[PDB]
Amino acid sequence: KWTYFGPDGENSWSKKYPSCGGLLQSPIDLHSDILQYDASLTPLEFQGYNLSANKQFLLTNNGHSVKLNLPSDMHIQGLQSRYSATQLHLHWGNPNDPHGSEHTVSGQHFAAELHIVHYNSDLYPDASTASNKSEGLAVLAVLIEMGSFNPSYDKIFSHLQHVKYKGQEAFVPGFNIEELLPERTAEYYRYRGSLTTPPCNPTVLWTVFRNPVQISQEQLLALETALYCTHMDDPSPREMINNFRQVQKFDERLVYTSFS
């Protein structure tokens, strides 16, 4: 009931999902005028990110992105509460305009963006319960640019042809999710925002790493061309492209940086 293109696109989300027209919306443009160094921000620690290769994790095309389910055994230290993983997914552009990150830096998109979603497991029993609650979610965002082939991202991309259409699912063996993170994870942007998709709940603590990772031109094109938003039996297929939200207004508020 929502898309990124056409009559049900992002300008209309607020009709059935009021929080999409509400407070604390994400994503945003990270730029000098709204940044402040905060010396009390501390480095995150990534625990249980090395998932067992003898276990398996479901990859799903949900019609909006490709998601990988993650175990609650995976968690972040360094926030006020323990946040445990629930899923990761990506956002990207299209072959003719391969600049589909959600966040921008100084007005610039990156090629794509990876989000690793966690929920506050000290307060809430599961992500669904946390999702619309105070302090419920924390998302790690990795900005992606074109460059060297990235074997670690290929551990996701090499399975995409098995989830081409909405609803399709495939298992992926465990691998080390930390390999998907950039250099100097200590350096990041942090702000209070929202889910970037309906329902747009204003319940996400965002951490956007300063430094991008690289994937090759061939990997980017593979991601942009692999998937469809529609079911196999849909008479009007739609390619999964440009599945990122435009940046939001961000006035009389601040993003905090862990680097001066």
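Start at 1 with the first residue shown and count on from there. Each form is matched to the other, and the largest set of C-alpha atoms that superpose within 1.5 Å is called the rigid core.
Rigid core superposition in 9 other deposited structures of this protein puts the Cα atoms of one stretch, out of 208-216 and 227-235, farther from the shown form on average, and that stretch is 227-235. Larger root-mean-square CA separation from the shown form, computed after a rigid core fit of the structures in 9 other deposited structures of this protein, is seen for 50-58 when 50-58 is set against 193-201. Comparing 100-108 with 164-172, the higher mean C-alpha B-factor in the PDB entry belongs to 164-172. Taking only CA atoms, the mean B-factor in the PDB entry is higher for 151-159 than for the other of 151-159 and 111-119. Highest CA B-factor among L220, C229, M232, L30, as stated in the entry: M232. The PDB entry assigns the greatest CA B-factor among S84, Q87, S128, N94 to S128. Among the modelled residues of its chain, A53 has a C-alpha B-factor that falls in the highest third, as given in the PDB entry. Ranked by Cα temperature factor within the chain, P198 sits in the lowest third according to the deposited record. In the deposited entry, the Cα temperature factor of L41 places it in the highest third of its chain's modelled residues. Looking at the C-alpha B-factors along this chain, the one for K16 belongs to the middle third. In this PDB entry, the Cα temperature factor of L35 sits in the top third of its chain's modelled residues, the highest group.
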